[PDB]
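All remarks here apply to the structure that follows.
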Protein chains: 2
Amino acid sequence: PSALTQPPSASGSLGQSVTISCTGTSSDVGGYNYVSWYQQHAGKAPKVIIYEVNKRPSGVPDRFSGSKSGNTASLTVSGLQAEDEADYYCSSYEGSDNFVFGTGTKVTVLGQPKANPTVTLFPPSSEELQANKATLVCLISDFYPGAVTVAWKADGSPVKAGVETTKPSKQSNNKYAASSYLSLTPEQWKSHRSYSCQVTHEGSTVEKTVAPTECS
Amino acid sequence: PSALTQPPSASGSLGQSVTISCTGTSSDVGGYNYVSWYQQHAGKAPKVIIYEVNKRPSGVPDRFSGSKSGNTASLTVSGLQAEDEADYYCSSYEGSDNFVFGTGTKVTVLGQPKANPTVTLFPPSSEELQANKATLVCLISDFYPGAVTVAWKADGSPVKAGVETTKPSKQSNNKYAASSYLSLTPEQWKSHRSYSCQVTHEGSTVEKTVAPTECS
C-alpha cells in the first residue's frame, strides 16, 4: 500500500465551516480506530490536534472536531477562524507497529480583510559602516494578500543592481513579511542625496525614503 | 511541554553520512524511549522512517539508523542518497494528549560550497522613534544550505514575544537570505542595555548586539 486519501483543498469562509475527509481502507480505517490529524503551517512542524478518532490534546481549540464512518474519517472545522490556514493530515495504524498518512489538505479560508503593508526603511548604521559596509533594508510587513513589488530609487531614478527581495512569509496572521535589501559601499551611500523604497501592493503604492541625514 | 530541539540544517554530499539530532526539554526523556523520526519531501508524504528510538518499519532502508541512548535522538543517514533530501522531524509522546514534535531538520545535499550567514542587525531608526515606533530588524544573508534558527535576546534573556521571521528565499548568487524583526515601544527599547539577534546555521552561530542611544 502507501496512502490514505484526502482532497487538496478546503475553502471555508469565516463561520461557513469546513470538514475534511480521510479515507484509507478496512485494513487501517475500519480496522482500528486511530485516525490522527496533524496541522503544519507553511514550512512548520505538526501539532497533533486529533488522535484516537476524536480526542484532542491539552491545547487544541474547542472547534476542531472529527468524525469517522467506516473508512471515511473526517476533520470538522467549526466555523473557521482563518488563523488556521495550514496543511492538515490524517493517519492510521495498520498494526505491525506501522502507521500510514493522508495525502494532506490545504485549507484556504476567505473573508480575511485585506491589509496594506507597514513599510519601514532603515539606515545602514555606525558599526556596519565602521567596517566600510552599507546595507539598506526595506521591511515590508503585515499585508494580506501576499503580493507586493519592491522597487528602489537611487535618488529619483531606478535601481536594480544591488537588490535582493525575499518572498513574503506568513506571520502569526495571514499577514506576510517581505524584506528587500540594497547593498552598497560608503562611497555609494555618501555619493547620494537620498534612497527610496517603493512597495506597490494591490493598487496602493507606498514609498519610504532614507535621507542620509540622521544620526550614526 | 511543547519543544524538542532539532538543528536547523543537516547537509552532506552523495555518500557522506549525515547525523540529525533531537535533544529536548530534559524533564522527561530516559524513562521515555518512544521517540519517533519522521520524513517528508517537497509537499509529498510525511512518512515515518523510525519509531521507538531505533526501529525501522517496513519499506524503509537500514541506511536510516536510530539511537536515543544518551538523552538525544540521533537519526543517521549512513551513505547519503539523492532522494534523501527532506525535512526530518523527531517527536515524543508525553501523556495521551501530548505528542510533541521536534523543530525539524531540513537535509540538503550540498549543491554548492557552504555559506555561513551574514547577520546584520539594525537598530530603530531616528524617524521611527519620531513616530513612536520601535522596530529592530535582523537581516540574514548569503547562506547555504538555506536553513537557519533565529533567536532574539534582551540583556541576557530570550525575547520570545514580538518576534517574526521570513522564509529563506533564493537569491541571484544562488545563496539565500531571510530576516527577523521585533516590535517594541520606544520605552521597551530604551529601558535595556542591549538587544541581540543570534542566528544559528548548522553549528556556526552569530550573535549581534544593538544598544540603544539617543541619536540626538
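Labeling convention for the C-alpha cells: chains A, B, ... as they appear, residues from 1 per chain, ligands from 1 in order of appearance.
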(request) Could you superimpose chain B onto chain A using all C-alpha atoms, paired one by one in order, and tell me the resulting RMSD in Å? (result)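 My reading of the C-alpha RMSD is 12.9 Å.
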(message) Using only C-alpha atoms, which protein or nucleic acid residues come within 10 Å of residue 213 of chain B? Drop anything in the same chain fewer than 3 positions from it, and give the result as a ChimeraX atom specification.
(response) /A:215-216 /B:123-124,189-190,193,210,216
Would you tabulate, counting only C-alpha atoms, all residues of chain A that have an atom at most 9 Å from an atom of chain B, showing the closest pair of atoms and their distance in Å to one decimal, sorted by chain then ascending number, as a Markdown table?
| residue | atom | partner | partner_atom | distance |
| --- | --- | --- | --- | --- |
| A:3 | CA | B:45 | CA | 8.7 |
| A:43 | CA | B:167 | CA | 8.4 |
| A:44 | CA | B:103 | CA | 8.0 |
| A:45 | CA | B:103 | CA | 6.4 |
| A:46 | CA | B:101 | CA | 6.6 |
| A:47 | CA | B:101 | CA | 7.3 |
| A:48 | CA | B:99 | CA | 6.1 |
| A:49 | CA | B:97 | CA | 8.8 |
| A:50 | CA | B:97 | CA | 8.7 |
| A:51 | CA | B:97 | CA | 7.8 |
| A:55 | CA | B:97 | CA | 7.8 |
| A:56 | CA | B:97 | CA | 6.4 |
| A:57 | CA | B:97 | CA | 4.1 |
| A:58 | CA | B:97 | CA | 6.1 |
| A:89 | CA | B:46 | CA | 8.8 |
| A:96 | CA | B:57 | CA | 8.4 |
| A:97 | CA | B:57 | CA | 7.5 |
| A:98 | CA | B:57 | CA | 6.1 |
| A:99 | CA | B:48 | CA | 7.5 |
| A:100 | CA | B:47 | CA | 7.1 |
| A:101 | CA | B:47 | CA | 7.0 |
| A:102 | CA | B:45 | CA | 7.8 |
| A:103 | CA | B:45 | CA | 6.3 |
| A:104 | CA | B:45 | CA | 8.1 |
| A:120 | CA | B:128 | CA | 8.0 |
| A:121 | CA | B:125 | CA | 8.2 |
| A:122 | CA | B:125 | CA | 6.2 |
| A:123 | CA | B:125 | CA | 6.8 |
| A:124 | CA | B:122 | CA | 7.3 |
| A:125 | CA | B:122 | CA | 7.0 |
| A:128 | CA | B:120 | CA | 7.6 |
| A:135 | CA | B:120 | CA | 8.3 |
| A:137 | CA | B:139 | CA | 7.8 |
| A:139 | CA | B:137 | CA | 8.3 |
| A:164 | CA | B:171 | CA | 6.5 |
| A:165 | CA | B:171 | CA | 8.1 |
| A:166 | CA | B:169 | CA | 5.3 |
| A:167 | CA | B:169 | CA | 6.3 |
| A:168 | CA | B:166 | CA | 7.1 |
| A:169 | CA | B:166 | CA | 5.1 |
| A:170 | CA | B:166 | CA | 7.8 |
| A:171 | CA | B:164 | CA | 6.4 |
| A:172 | CA | B:164 | CA | 8.0 |
| A:176 | CA | B:166 | CA | 8.5 |
| A:177 | CA | B:166 | CA | 6.4 |
| A:178 | CA | B:166 | CA | 7.2 |
| A:179 | CA | B:179 | CA | 6.8 |
| A:181 | CA | B:139 | CA | 8.7 |
| A:214 | CA | B:126 | CA | 6.6 |
| A:215 | CA | B:215 | CA | 5.2 |
| A:216 | CA | B:215 | CA | 7.0 |
(request) Determine which residues of segment 93-155 of chain B receive a DSSP assignment of helix (DSSP H, G or I), computed from the backbone, and state them as a PyMOL selection string. (result) chain B and resi 126-131
Could the residues in this selection be written to a file with C-alpha atoms, as a tab-separated table (two decimals), in the first residue's frame?
chain	number	residue	atom	x	y	z
B	126	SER	CA	15.64	58.02	14.13
B	127	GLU	CA	12.35	58.67	12.37
B	128	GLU	CA	10.53	55.50	13.52
B	129	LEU	CA	11.29	56.76	17.02
B	130	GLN	CA	9.95	60.09	15.79
B	131	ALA	CA	6.80	58.07	15.04
(message) Env of residue 196 of chain B: 8 Å cut, atoms = only C-alpha atoms, seq-sep filter 6 positions within chain, self excluded. Answer as a ChimeraX atom specification.
(response) /B:152-155,207-210
(request) Find, counting only C-alpha atoms, the residue in B:183, B:84, B:29, B:21 that gets nearest to residue 67 of chain B. (result)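 Comparing B:183, B:84, B:29, B:21 against residue 67 of chain B, the winner is B:21.
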(message) Report, in Å to a single decimal, how far apart atom CA of residue 195 of chain B and atom CA of residue 118 of chain B are.
(response)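 These atoms are spaced 17.4 Å apart.
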(request) Kindly indicate which residue among B:7, B:93, B:106, B:76 lies nearest to residue 28 of chain B, using only C-alpha atoms for the distances. (result)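 Among the listed residues, B:93 lies closest to residue 28 of chain B.
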(request) Could you tell me, as a VMD selection string, which residues of segment 53-129 of chain A DSSP assigns to strand (DSSP E or B) when given the backbone? (result) chain A and resid 55 64 to 69 72 to 77 87 to 93 99 to 101 105 to 106 115 118 to 121
(request) May I have the residues within 12 Å of residue 202 of chain A as a VMD selection string, using only C-alpha atoms and disregarding those fewer than 2 positions away in the same chain? (result) chain A and resid 114 to 117 143 to 149 199 to 200 204 to 206
(message) From the options B:4, B:134, B:119, B:161, which residue's atoms come nearest to residue 197 of chain B, counting only C-alpha atoms?
(response) B:119
(request) For residue 80 of chain B, please output as a ChimeraX atom specification all residues within 7 Å (counting only C-alpha atoms; exclusion window: fewer than 2 positions along the same chain). (result) /B:12-17,77-78,82,84
(request) Find the distance between atom CA of residue 41 of chain A and atom CA of residue 92 of chain A and write it in Å to one decimal. (result)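 Computing the Euclidean distance for atom CA of residue 41 of chain A and atom CA of residue 92 of chain A yields 21.3 Å.
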(request) In Å, rounded to a single decimal, give me how far atom CA of residue 191 of chain A is from atom CA of residue 156 of chain A. (result)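 Between atom CA of residue 156 of chain A and atom CA of residue 191 of chain A the gap is 14.2 Å.
Taking only C-alpha atoms into account, residue 175 of chain A lies nearest to A:142 out of the set A:62, A:142, A:85, A:94.
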(request) Determine the nearest neighbour of residue 23 of chain A from the options A:70, A:212, A:203, A:162, counting only C-alpha atoms. (result)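 Nearest to residue 23 of chain A: A:70.
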(message) Counting only C-alpha atoms, which residue out of B:69, B:185, B:105, B:198 sits closest to residue 159 of chain B?
(response)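 Counting only C-alpha atoms, the residue closest to residue 159 of chain B is B:198.
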